[PDB]
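In order, the protein sequence lines correspond to chains A and B.
Per UniProt numbering, the first sequence starts with residue 168, numbered consecutively.
Per UniProt numbering, the second sequence starts with residue 63, numbered consecutively.
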Amino acid sequence: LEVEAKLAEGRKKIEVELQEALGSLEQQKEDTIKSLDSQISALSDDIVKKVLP
Amino acid sequence: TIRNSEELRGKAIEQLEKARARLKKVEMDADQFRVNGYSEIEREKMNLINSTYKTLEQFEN
């Protein structure tokens, strides 16, 4: 009985911690893409001149 | 008849010693069973919490 209740609770906890970690990785990834958007403005500057052979 | 009365007495006392002998044997066996059942109740929630941590590592990394 004790392991049943506590393990239901434990698997619930594991899945909701999975969802929290997922949200955190999502927000971090989006921030990195925006910083990359600034870096890639610099990239857009330094590409078009060489793209023409 | 005196002899055979004594013999029936003997058979009765042999059933007595059978009763007490089985009492003692099975009570020691149930004592060992109590020890090993204490052990089996020790070994369970550790396995289940290690399974929980298996799920932990299987999702986060």
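The beta-carbon is built from N, C-alpha and C at its ideal position, and this holds for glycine as well.
* Check the Cβ-Cβ distances between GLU122 (chain B) and every residue of chain A, and say whether any is below 7 Å. => yes
* Asked: Taking 7 Å as the CB-CB limit, is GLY177 (chain A) close to chain B?
  -> yes
* To do: Would you grab the beta carbon distance between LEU118 (chain B) and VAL170 (chain A) for me? Rounded to a whole angstrom, and I think it's under 8 Å.
  => Not quite, the Cβ-Cβ distance comes to about 17 Å (not below 8 Å), so this is no contact.
* Asked: For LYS86 (chain B), which of helix, strand or coil comes out of DSSP?
  -> helix
* Determine the DSSP secondary structure at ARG71 (chain B), reduced to helix, strand or coil. => helix
* Can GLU122 (chain B) and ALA188 (chain A) be called in contact, C-beta distance under 7 Å? -> yes
* Is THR114 (chain B) near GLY190 (chain A), with beta carbons less than 7 Å apart? -> No.
* Asked: Does the beta carbon of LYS116 (chain B) sit closer than 7 Å to a beta carbon anywhere in chain A?
  -> no
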